[PDB]
>>> print(open('entry_17.pdb').read())   # PDB, C-alpha atoms
MODEL        1
ATOM      1  CA  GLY P   1       0.000   0.000   0.000  1.00  0.00           C
ATOM      2  CA  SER P   2       2.030   2.923  -1.322  1.00  0.00           C
ATOM      3  CA  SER P   3      -0.592   5.025  -3.105  1.00  0.00           C
ATOM      4  CA  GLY P   4      -4.148   5.885  -2.114  1.00  0.00           C
ATOM      5  CA  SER P   5      -5.995   3.908  -4.779  1.00  0.00           C
ATOM      6  CA  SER P   6      -5.717   0.117  -4.638  1.00  0.00           C
ATOM      7  CA  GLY P   7      -7.889  -2.745  -5.850  1.00  0.00           C
ATOM      8  CA  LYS P   8      -6.326  -5.945  -4.536  1.00  0.00           C
ATOM      9  CA  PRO P   9      -6.417  -6.398  -0.736  1.00  0.00           C
ATOM     10  CA  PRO P  10      -3.308  -5.699   1.383  1.00  0.00           C
ATOM     11  CA  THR P  11      -1.695  -9.110   1.861  1.00  0.00           C
ATOM     12  CA  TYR P  12       1.578 -10.987   1.391  1.00  0.00           C
ATOM     13  CA  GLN P  13       1.236 -13.754  -1.196  1.00  0.00           C
ATOM     14  CA  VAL P  14       4.562 -13.310  -2.987  1.00  0.00           C
ATOM     15  CA  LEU P  15       5.774 -15.960  -0.544  1.00  0.00           C
ATOM     16  CA  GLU P  16       4.677 -18.356  -3.284  1.00  0.00           C
ATOM     17  CA  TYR P  17       6.877 -16.805  -5.972  1.00  0.00           C
ATOM     18  CA  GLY P  18      10.577 -17.626  -6.033  1.00  0.00           C
ATOM     19  CA  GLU P  19      13.317 -15.512  -4.470  1.00  0.00           C
ATOM     20  CA  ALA P  20      16.864 -14.986  -5.737  1.00  0.00           C
ATOM     21  CA  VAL P  21      19.734 -12.513  -5.401  1.00  0.00           C
ATOM     22  CA  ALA P  22      22.029 -11.374  -8.211  1.00  0.00           C
ATOM     23  CA  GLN P  23      25.577 -12.396  -7.299  1.00  0.00           C
ATOM     24  CA  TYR P  24      27.274 -11.408 -10.558  1.00  0.00           C
ATOM     25  CA  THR P  25      26.392  -8.626 -12.995  1.00  0.00           C
ATOM     26  CA  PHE P  26      25.043 -10.287 -16.139  1.00  0.00           C
ATOM     27  CA  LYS P  27      24.795  -8.819 -19.641  1.00  0.00           C
ATOM     28  CA  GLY P  28      22.418  -9.669 -22.470  1.00  0.00           C
ATOM     29  CA  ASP P  29      20.931  -8.091 -25.585  1.00  0.00           C
ATOM     30  CA  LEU P  30      18.447 -10.741 -26.718  1.00  0.00           C
ATOM     31  CA  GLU P  31      14.989 -10.939 -25.148  1.00  0.00           C
ATOM     32  CA  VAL P  32      15.548 -14.308 -23.473  1.00  0.00           C
ATOM     33  CA  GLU P  33      18.770 -12.812 -22.117  1.00  0.00           C
ATOM     34  CA  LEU P  34      17.739 -10.665 -19.151  1.00  0.00           C
ATOM     35  CA  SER P  35      20.230  -8.282 -17.546  1.00  0.00           C
ATOM     36  CA  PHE P  36      20.448  -7.403 -13.851  1.00  0.00           C
ATOM     37  CA  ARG P  37      22.675  -5.603 -11.348  1.00  0.00           C
ATOM     38  CA  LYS P  38      24.267  -7.362  -8.374  1.00  0.00           C
ATOM     39  CA  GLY P  39      22.131  -7.075  -5.254  1.00  0.00           C
ATOM     40  CA  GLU P  40      18.926  -6.644  -7.243  1.00  0.00           C
ATOM     41  CA  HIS P  41      16.058  -8.959  -6.300  1.00  0.00           C
ATOM     42  CA  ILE P  42      14.682 -10.877  -9.282  1.00  0.00           C
ATOM     43  CA  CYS P  43      11.152 -12.218  -8.842  1.00  0.00           C
ATOM     44  CA  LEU P  44      11.177 -15.779 -10.180  1.00  0.00           C
ATOM     45  CA  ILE P  45       7.885 -16.386 -11.986  1.00  0.00           C
ATOM     46  CA  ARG P  46       8.346 -19.695 -13.802  1.00  0.00           C
ATOM     47  CA  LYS P  47      11.685 -21.384 -13.112  1.00  0.00           C
ATOM     48  CA  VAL P  48      12.820 -22.826 -16.445  1.00  0.00           C
ATOM     49  CA  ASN P  49      15.274 -25.289 -14.906  1.00  0.00           C
ATOM     50  CA  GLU P  50      17.937 -25.823 -12.242  1.00  0.00           C
ATOM     51  CA  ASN P  51      20.219 -24.030 -14.703  1.00  0.00           C
ATOM     52  CA  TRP P  52      18.340 -21.094 -16.227  1.00  0.00           C
ATOM     53  CA  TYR P  53      15.923 -19.087 -14.086  1.00  0.00           C
ATOM     54  CA  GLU P  54      13.095 -16.942 -15.451  1.00  0.00           C
ATOM     55  CA  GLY P  55      11.994 -13.699 -13.823  1.00  0.00           C
ATOM     56  CA  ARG P  56      11.505  -9.961 -14.258  1.00  0.00           C
ATOM     57  CA  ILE P  57      13.100  -6.635 -13.329  1.00  0.00           C
ATOM     58  CA  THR P  58      10.270  -4.650 -11.741  1.00  0.00           C
ATOM     59  CA  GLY P  59      10.777  -0.954 -12.410  1.00  0.00           C
ATOM     60  CA  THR P  60      12.390  -1.193 -15.838  1.00  0.00           C
ATOM     61  CA  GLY P  61      10.335  -3.823 -17.636  1.00  0.00           C
ATOM     62  CA  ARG P  62      13.024  -6.222 -18.829  1.00  0.00           C
ATOM     63  CA  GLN P  63      12.099  -9.899 -18.544  1.00  0.00           C
ATOM     64  CA  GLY P  64      13.569 -13.257 -19.514  1.00  0.00           C
ATOM     65  CA  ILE P  65      15.862 -16.064 -18.388  1.00  0.00           C
ATOM     66  CA  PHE P  66      19.370 -16.127 -16.922  1.00  0.00           C
ATOM     67  CA  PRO P  67      22.116 -18.472 -15.651  1.00  0.00           C
ATOM     68  CA  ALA P  68      21.762 -19.628 -12.046  1.00  0.00           C
ATOM     69  CA  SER P  69      25.497 -19.744 -11.339  1.00  0.00           C
ATOM     70  CA  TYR P  70      25.199 -15.984 -11.834  1.00  0.00           C
ATOM     71  CA  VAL P  71      22.302 -15.443  -9.430  1.00  0.00           C
ATOM     72  CA  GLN P  72      21.649 -16.852  -5.959  1.00  0.00           C
ATOM     73  CA  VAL P  73      18.719 -19.199  -5.350  1.00  0.00           C
ATOM     74  CA  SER P  74      17.110 -18.964  -1.912  1.00  0.00           C
ATOM     75  CA  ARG P  75      13.442 -19.808  -2.459  1.00  0.00           C
ATOM     76  CA  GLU P  76      12.560 -21.964  -5.466  1.00  0.00           C
ATOM     77  CA  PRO P  77       9.151 -21.367  -7.098  1.00  0.00           C
ATOM     78  CA  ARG P  78       6.314 -23.871  -7.474  1.00  0.00           C
ATOM     79  CA  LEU P  79       4.346 -24.487 -10.671  1.00  0.00           C
ATOM     80  CA  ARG P  80       3.139 -27.970  -9.733  1.00  0.00           C
ATOM     81  CA  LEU P  81       5.847 -29.784 -11.697  1.00  0.00           C
ATOM     82  CA  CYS P  82       6.006 -33.004  -9.678  1.00  0.00           C
ATOM     83  CA  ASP P  83       4.536 -34.524  -6.518  1.00  0.00           C
ATOM     84  CA  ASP P  84       7.128 -35.886  -4.089  1.00  0.00           C
ATOM     85  CA  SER P  85       6.037 -38.476  -1.523  1.00  0.00           C
ATOM     86  CA  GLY P  86       6.145 -36.888   1.919  1.00  0.00           C
ATOM     87  CA  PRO P  87       9.041 -34.480   1.281  1.00  0.00           C
ATOM     88  CA  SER P  88       8.868 -32.733   4.655  1.00  0.00           C
ATOM     89  CA  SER P  89       6.691 -32.884   7.771  1.00  0.00           C
ATOM     90  CA  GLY P  90       6.816 -29.163   8.489  1.00  0.00           C
TER      91      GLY P  90
ENDMDL
END
>>> encode(input="entry_17.pdb", output="structure tokens")
Amino acid sequence: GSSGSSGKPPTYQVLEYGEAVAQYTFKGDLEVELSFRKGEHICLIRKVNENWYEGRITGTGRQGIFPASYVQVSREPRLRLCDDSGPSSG
């Protein structure tokens, strides 16, 4: 809630989305190749694979995939890929 007007209710759902931190400054010109600055927080939408991670750079617009080794994975997303048998109790 930054501005006065607001449709969606004030809540924290992002928790679902993935979380990563740029460790190394990447560089790309092609669409698929998304650029980011170290420290920036890329919002993982649909993780492509354990190698390349898809996201977006809120504020600028850029969007695409990028090498993991470059970024830091802390909270992997969830698009209902597989169903593990009792992964964790909680």
>>> resolve_selection(input="entry_17.pdb", expression="the PyMOL selection byres ((chain P and resi 45-49) around 8)", output="MDAnalysis selection string")
chainID P and resid 17:18 43:44 50:56 65 76:79
>>> closest_residue(input="entry_17.pdb", among="P:75, P:80, P:8, P:62", to="residue P:34", atoms="only C-alpha atoms")
P:62
>>> atom_distance(input="entry_17.pdb", atom1="atom CA of residue P:68", atom2="atom CA of residue P:26")
10.7 Å
>>> residues_around(input="entry_17.pdb", residues="residue P:59", least_positions_apart="6", cutoff="12 Å", atoms="only C-alpha atoms", output="list in words")
residues 36, 40, 41, 42 and 43 of chain P
>>> axis_aligned_box(input="entry_17.pdb", around="stretch 4-17 of chain P", padding_each_side="8 Å", output="lines of an AutoDock Vina configuration file")
center_x = -0.5
center_y = -6.2
center_z = -2.1
size_x = 30.8
size_y = 40.2
size_z = 23.8
>>> resolve_selection(input="entry_17.pdb", expression="the PyMOL selection byres ((chain P and resi 69-72) around 7)", output="list in words")
residues 20, 21, 22, 23, 24, 67, 68, 73 and 74 of chain P
>>> closest_residue(input="entry_17.pdb", among="P:64, P:86, P:9, P:1", to="residue P:28", atoms="all atoms listed in the file")
P:64
>>> atom_distance(input="entry_17.pdb", atom1="atom CA of residue P:63", atom2="atom CA of residue P:29")
11.4 Å
>>> atom_distance(input="entry_17.pdb", atom1="atom CA of residue P:25", atom2="atom CA of residue P:66")
11.0 Å
>>> build_atoms(input="entry_17.pdb", residues="stretch 17-32 of chain P", atoms="N, CA, C and O atoms", output="PDB file, in the coordinates of the input")
ATOM      1  N   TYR P  17       5.879 -17.052  -4.937  1.00  0.00           N
ATOM      2  CA  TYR P  17       6.877 -16.805  -5.972  1.00  0.00           C
ATOM      3  C   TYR P  17       8.278 -17.140  -5.468  1.00  0.00           C
ATOM      4  O   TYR P  17       8.508 -17.244  -4.265  1.00  0.00           O
ATOM      5  N   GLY P  18       9.211 -17.306  -6.401  1.00  0.00           N
ATOM      6  CA  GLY P  18      10.577 -17.626  -6.033  1.00  0.00           C
ATOM      7  C   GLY P  18      11.374 -16.397  -5.640  1.00  0.00           C
ATOM      8  O   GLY P  18      11.006 -15.276  -5.983  1.00  0.00           O
ATOM      9  N   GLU P  19      12.468 -16.611  -4.914  1.00  0.00           N
ATOM     10  CA  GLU P  19      13.317 -15.512  -4.470  1.00  0.00           C
ATOM     11  C   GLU P  19      14.785 -15.801  -4.772  1.00  0.00           C
ATOM     12  O   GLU P  19      15.296 -16.873  -4.450  1.00  0.00           O
ATOM     13  N   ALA P  20      15.456 -14.837  -5.392  1.00  0.00           N
ATOM     14  CA  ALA P  20      16.864 -14.986  -5.737  1.00  0.00           C
ATOM     15  C   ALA P  20      17.597 -13.652  -5.643  1.00  0.00           C
ATOM     16  O   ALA P  20      16.980 -12.588  -5.695  1.00  0.00           O
ATOM     17  N   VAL P  21      18.918 -13.716  -5.502  1.00  0.00           N
ATOM     18  CA  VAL P  21      19.734 -12.513  -5.401  1.00  0.00           C
ATOM     19  C   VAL P  21      20.877 -12.538  -6.411  1.00  0.00           C
ATOM     20  O   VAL P  21      21.646 -13.495  -6.470  1.00  0.00           O
ATOM     21  N   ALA P  22      20.980 -11.476  -7.204  1.00  0.00           N
ATOM     22  CA  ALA P  22      22.029 -11.374  -8.211  1.00  0.00           C
ATOM     23  C   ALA P  22      23.408 -11.324  -7.564  1.00  0.00           C
ATOM     24  O   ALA P  22      23.718 -10.397  -6.816  1.00  0.00           O
ATOM     25  N   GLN P  23      24.231 -12.325  -7.856  1.00  0.00           N
ATOM     26  CA  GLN P  23      25.577 -12.396  -7.299  1.00  0.00           C
ATOM     27  C   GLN P  23      26.592 -11.766  -8.248  1.00  0.00           C
ATOM     28  O   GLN P  23      27.549 -11.124  -7.814  1.00  0.00           O
ATOM     29  N   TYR P  24      26.376 -11.955  -9.546  1.00  0.00           N
ATOM     30  CA  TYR P  24      27.274 -11.408 -10.558  1.00  0.00           C
ATOM     31  C   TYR P  24      26.496 -10.624 -11.609  1.00  0.00           C
ATOM     32  O   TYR P  24      25.433 -11.052 -12.061  1.00  0.00           O
ATOM     33  N   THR P  25      27.034  -9.472 -11.997  1.00  0.00           N
ATOM     34  CA  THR P  25      26.392  -8.626 -12.995  1.00  0.00           C
ATOM     35  C   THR P  25      26.382  -9.300 -14.362  1.00  0.00           C
ATOM     36  O   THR P  25      27.432  -9.511 -14.970  1.00  0.00           O
ATOM     37  N   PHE P  26      25.190  -9.637 -14.843  1.00  0.00           N
ATOM     38  CA  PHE P  26      25.043 -10.287 -16.139  1.00  0.00           C
ATOM     39  C   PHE P  26      24.838  -9.256 -17.245  1.00  0.00           C
ATOM     40  O   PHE P  26      24.571  -8.085 -16.976  1.00  0.00           O
ATOM     41  N   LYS P  27      24.966  -9.701 -18.491  1.00  0.00           N
ATOM     42  CA  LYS P  27      24.795  -8.819 -19.641  1.00  0.00           C
ATOM     43  C   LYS P  27      24.179  -9.572 -20.815  1.00  0.00           C
ATOM     44  O   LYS P  27      24.687 -10.611 -21.233  1.00  0.00           O
ATOM     45  N   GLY P  28      23.084  -9.037 -21.346  1.00  0.00           N
ATOM     46  CA  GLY P  28      22.418  -9.669 -22.470  1.00  0.00           C
ATOM     47  C   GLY P  28      21.686  -8.674 -23.346  1.00  0.00           C
ATOM     48  O   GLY P  28      21.197  -7.652 -22.861  1.00  0.00           O
ATOM     49  N   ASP P  29      21.609  -8.968 -24.638  1.00  0.00           N
ATOM     50  CA  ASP P  29      20.931  -8.091 -25.585  1.00  0.00           C
ATOM     51  C   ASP P  29      19.621  -8.712 -26.061  1.00  0.00           C
ATOM     52  O   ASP P  29      18.620  -8.016 -26.240  1.00  0.00           O
ATOM     53  N   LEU P  30      19.634 -10.024 -26.262  1.00  0.00           N
ATOM     54  CA  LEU P  30      18.447 -10.741 -26.718  1.00  0.00           C
ATOM     55  C   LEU P  30      17.361 -10.732 -25.647  1.00  0.00           C
ATOM     56  O   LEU P  30      17.647 -10.559 -24.462  1.00  0.00           O
ATOM     57  N   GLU P  31      16.116 -10.922 -26.072  1.00  0.00           N
ATOM     58  CA  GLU P  31      14.989 -10.939 -25.148  1.00  0.00           C
ATOM     59  C   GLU P  31      15.207 -11.966 -24.040  1.00  0.00           C
ATOM     60  O   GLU P  31      15.257 -11.621 -22.859  1.00  0.00           O
ATOM     61  N   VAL P  32      15.335 -13.229 -24.430  1.00  0.00           N
ATOM     62  CA  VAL P  32      15.548 -14.308 -23.473  1.00  0.00           C
ATOM     63  C   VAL P  32      16.653 -13.953 -22.484  1.00  0.00           C
ATOM     64  O   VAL P  32      16.601 -14.339 -21.317  1.00  0.00           O
TER      65      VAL P  32
END
